[PDB]
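Heads up, the thing below is written out as structure tokens.
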Amino acid sequence: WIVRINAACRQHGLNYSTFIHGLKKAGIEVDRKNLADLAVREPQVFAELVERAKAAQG
Amino acid sequence: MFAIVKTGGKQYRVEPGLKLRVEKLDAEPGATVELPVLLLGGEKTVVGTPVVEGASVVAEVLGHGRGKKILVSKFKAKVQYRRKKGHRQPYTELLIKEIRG
Amino acid sequence: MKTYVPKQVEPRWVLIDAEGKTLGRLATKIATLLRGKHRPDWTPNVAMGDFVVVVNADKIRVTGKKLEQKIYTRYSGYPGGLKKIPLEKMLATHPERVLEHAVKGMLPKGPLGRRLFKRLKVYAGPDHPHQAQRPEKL
RNA sequence: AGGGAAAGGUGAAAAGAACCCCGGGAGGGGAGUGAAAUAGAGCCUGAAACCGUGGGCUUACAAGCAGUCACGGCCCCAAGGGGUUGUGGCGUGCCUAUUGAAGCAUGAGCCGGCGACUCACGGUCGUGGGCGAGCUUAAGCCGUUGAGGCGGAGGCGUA
RNA sequence: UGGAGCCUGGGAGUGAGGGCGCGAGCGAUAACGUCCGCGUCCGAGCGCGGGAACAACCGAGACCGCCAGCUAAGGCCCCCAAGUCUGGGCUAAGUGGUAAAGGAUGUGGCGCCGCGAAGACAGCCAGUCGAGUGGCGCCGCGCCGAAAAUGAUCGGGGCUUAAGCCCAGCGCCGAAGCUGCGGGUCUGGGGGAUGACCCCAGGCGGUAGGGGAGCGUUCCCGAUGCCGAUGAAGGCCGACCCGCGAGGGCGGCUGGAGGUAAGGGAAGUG
RNA sequence: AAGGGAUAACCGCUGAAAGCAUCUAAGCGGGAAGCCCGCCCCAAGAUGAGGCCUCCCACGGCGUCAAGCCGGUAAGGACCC
């Protein structure tokens, strides 16, 4: 889960370390590394989550 | 539509009508639960906090059931220590009814 | 269930050449490509990395004073069968070898590890004598 | 002088396979007896090691206490199972003996069967009952023929 | 209020210890050496994470299950999960990647002393020359001193404004530890129509041993009975059902005459 | 062994840090029966299985349609002697 999340979110600018910290502050106790298969099905919606994440991050 | 509900200490991706198993609920035989525990949709909802305020997913309970048996068995050498135990985790099956967020 | 799992997609090819670059600092990323570790199909048991062609080998920068000082080694199973050959002499003849050795070491060591080392094509160049694609990365 | 084994079993009944066929014979193949002949004669049942034939999966750039977890392919009844194993993760045999053993320390080729905390009489705690300031009989005698009675010599206890 | 304590009694094993830290003796301020003393871990936690590999160094005391979440030591360039993350310095030996007396204008940072228009510190008659010159002494990092026997290597590749060393800062990865959800068993506590069923809270690594529950084998009473050729015992198969487990049912083929409940009793009992 | 290239101790050029001097700190030359290649031998299972010369080519009959198909060929190759 982690190896491919990293691959996917590294494809938008940032890295895994950063992405998870973001979500933490962003208040989305969600992804559940399991359920970041969103990266493969519906990357539309992954993209959204990355925005929220870098929202709390920069 | 989509939806990412939470039950049994774990999370899942549900849709109009299917389900698998999920852990004993204290839920009587043929009745109906709402799993207000719910994040995300198929129109890009997300969740300002953990939960999306006005949101839920309806499902109907089909019944309970014990899993396939697993043998847990321990051994330590040069010591005559061996142990055999038989294990079966219980579950419940749902039927997803609709996603009203 | 959640087996995210791939289905076989068409393998991509790539051309690259940091002819002006520090090897190791090059070879690292090459390998990360030879495994599908950049793409979120990643599946550890299968081989869906990129095919990789590297033009213009030799030319590579090597830090510090690593000529005569970096020594390469081969032992035949015989008495006194040790060979010690320094970096200078490897570029001098068989420089395609240098970047090859360096990537080998960064690849896993199973059968699948040898399969990926075959996906890596190295030419002291330029001119990579096979044309049928190559989305060059810089 | 002395030591000293192994080895039991067709079927209710021999009705124990005339006759034909291949073979020197031994064996078989038809036929026939029988409820049954993988009950056909060191013949009831016929387990395991061990040796064959046929079929599915699988292997000639690999590397191992031989398995396990995960994907993936093929093969057989169906949204689930069973068989097999390509790749990937993880993994120092059992027993004994020892401060310490995968150990290059002991034992064991493999399978089956035999194989080691008992009984008597005292003793001492515990415990389920009987009767209690008392409780209890031994040898024997009378009955039963898988019936129980009687018998206070004695013994423990009451300083 | 603790798997604390004290009193009386039944059952033991042990009486060969080992490493580490600290305090002494012996030894040579030698030994995986040896003697005692205080503590720990292995023993019995060769179960799990870190340490390349490795009983006792660091992290941590493993009832079971989950394709959930947070951490610990140690880690985040690839092999290998996570920063080629940010800001300031040092080092050019691959030091790092394991050695001393003693040597050296290696470097970088501090010194406080000579004496410089009685303008020689370095150079050719002292005039020109027109300025920085020497002197020990501290601190950081490195250099020589450095020769052993099968093929080499910091675990490997490979690293030089670092992937080394020093000092800050934020973030992630990471165990069988801690949370989340479900289940078991044992205690304690609640109900108290004691229901042996519902609710709550703790405990459950384990060698020598102590204690508690069960399962199965042979035989006896139950028996002048009950099952049995419409198939006993035994044998061969199963992905099914019930038990935590030893086990017990169910079904199909084989076998051809024996088998024996509920509840109890003996022992040539695994 | 000739021979060609790179080196060890060691011998030099040019040259500052440090107006002098210094083989060195940027550079450049000499220099061993030793190192590399050269001589002789093995070698494409070098699963990274190489290259050059010459030859032989037809579907003839059937499945999840190029053998995973059986039976005759071709250039060739075995068997027996």
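Only one residue in C:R35, C:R25, C:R119 is under 26 Å from A:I2 (Cβ atoms), touching a helix residue (DSSP H, G or I) at 6+ places or on another chain (Cβ under 8 Å) and within 9 Å of RNA strand E (Cβ to nearest atom), so which one is that?
Testing whether each residue is under 26 Å from A:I2 (Cβ atoms), touching a helix residue (DSSP H, G or I) at 6+ places or on another chain (Cβ under 8 Å) and within 9 Å of RNA strand E (Cβ to nearest atom) leaves just C:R35.
Here is a list: B:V46, B:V33. Which entry is within 14 Å of another protein chain (Cβ to nearest Cβ), surrounded by 14 or more Cβ atoms within 10 Å (Cβ to Cβ) and of a type in the set (A, V, I, L, M)?
So the residue among B:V46, B:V33 that is within 14 Å of another protein chain (Cβ to nearest Cβ), surrounded by 14 or more Cβ atoms within 10 Å (Cβ to Cβ) and of a type in the set (A, V, I, L, M) is B:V46.
Counting only residues that are within 14 Å of chain A (Cβ to nearest Cβ) and not in a loop (DSSP other than H, G, I, E, B), which one in region C:16-63 is nearest to RNA strand D (Cβ to nearest atom)?
C:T32
Let me spell it out: the conditions are (1) within 16 Å of RNA strand E (Cβ to nearest atom); (2) closer than 21 Å to A:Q44 by Cα, and B:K74 meets all of them except one. Which number is the exception?
Among (1) within 16 Å of RNA strand E (Cβ to nearest atom); (2) closer than 21 Å to A:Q44 by Cα, the lone unmet condition for B:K74 is (2).
With C:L99, C:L112, C:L67 as the choices, which residue is surrounded by 10 or more Cβ atoms within 10 Å (Cβ to Cβ) and either within 14 Å of another protein chain (Cβ to nearest Cβ) or within 16 Å of RNA strand D (Cβ to nearest atom) (or both)?
Being surrounded by 10 or more Cβ atoms within 10 Å (Cβ to Cβ) and either within 14 Å of another protein chain (Cβ to nearest Cβ) or within 16 Å of RNA strand D (Cβ to nearest atom) (or both) holds for just one of C:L99, C:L112, C:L67, which is C:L112.
Looking only at region B:2-26, which residues are surrounded by 15 or more Cβ atoms within 10 Å (Cβ to Cβ) and either under 18 Å from B:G65 (Cα atoms) or aliphatic (A, V, I, L, M) (or both)?
Those that are surrounded by 15 or more Cβ atoms within 10 Å (Cβ to Cβ) and either under 18 Å from B:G65 (Cα atoms) or aliphatic (A, V, I, L, M) (or both): B:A3, B:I4, B:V5, B:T7, B:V14, B:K19, B:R21, B:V22, B:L25.
Mind telling me which of the residues C:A124, C:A102 ends up being within 7 Å of RNA strand E (Cβ to nearest atom), within 19 Å of C:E19 (Cα to Cα) and hydrophobic (A, V, I, L, M, F, W, C)?
C:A102
What's the number of the only condition in (1) surrounded by 13 or more Cβ atoms within 10 Å (Cβ to Cβ); (2) among the hydrophobic types (A, V, I, L, M, F, W, C); (3) assigned to a loop (DSSP other than H, G, I, E, B) that C:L138 fails to meet?
Going through (1) surrounded by 13 or more Cβ atoms within 10 Å (Cβ to Cβ); (2) among the hydrophobic types (A, V, I, L, M, F, W, C); (3) assigned to a loop (DSSP other than H, G, I, E, B) one by one, C:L138 breaks only (1).
Hey, any hits in region B:49-56 for a residue that's within 26 Å of A:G27 (Cα to Cα), of a type in the set (D, E, K, R) and within 14 Å of another protein chain (Cβ to nearest Cβ)?
Yes.
Name the helices (runs of 4 or more DSSP H) wholly inside region C:64-133 in which the number of residues that are without any contact (Cβ under 8 Å) to a residue 40 or more places away in the chain and of a type outside the set (D, E, K, R) is 3 or more.
Of the helices (runs of 4 or more DSSP H) lying wholly inside region C:64-133, those with at least 3 residues that are without any contact (Cβ under 8 Å) to a residue 40 or more places away in the chain and of a type outside the set (D, E, K, R) span C:87-92.
Looking at C:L116, C:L120, C:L112, which is the one that is more than 18 Å from C:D17 (Cβ to Cβ) and within 12 Å of RNA strand F (Cβ to nearest atom)?
Testing whether each residue is more than 18 Å from C:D17 (Cβ to Cβ) and within 12 Å of RNA strand F (Cβ to nearest atom) leaves just C:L116.
For region C:69-80, which residues satisfy the criterion of being over 23 Å from the mean Cα position of the chain (by Cα) and more than 6 Å from RNA strand E (Cβ to nearest atom)?
C:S76, C:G77, C:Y78
When residues of region C:38-68 are filtered for being within 8 Å of RNA strand E (Cβ to nearest atom) and β-branched (V, I, T), how many remain?
2
Test each condition in (1) in a strand (DSSP E or B); (2) among the aliphatic types (A, V, I, L, M); (3) within 9 Å of RNA strand E (Cβ to nearest atom) for B:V61 and report the one that comes out false.
It is condition (3) that B:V61 fails.
Every number here is computed from the coordinates shown, using simple stated rules; none is lab data. When we count neighbours, we look across all protein chains shown, and the Cβ atoms used for this are built from the backbone with ideal geometry, even at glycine.
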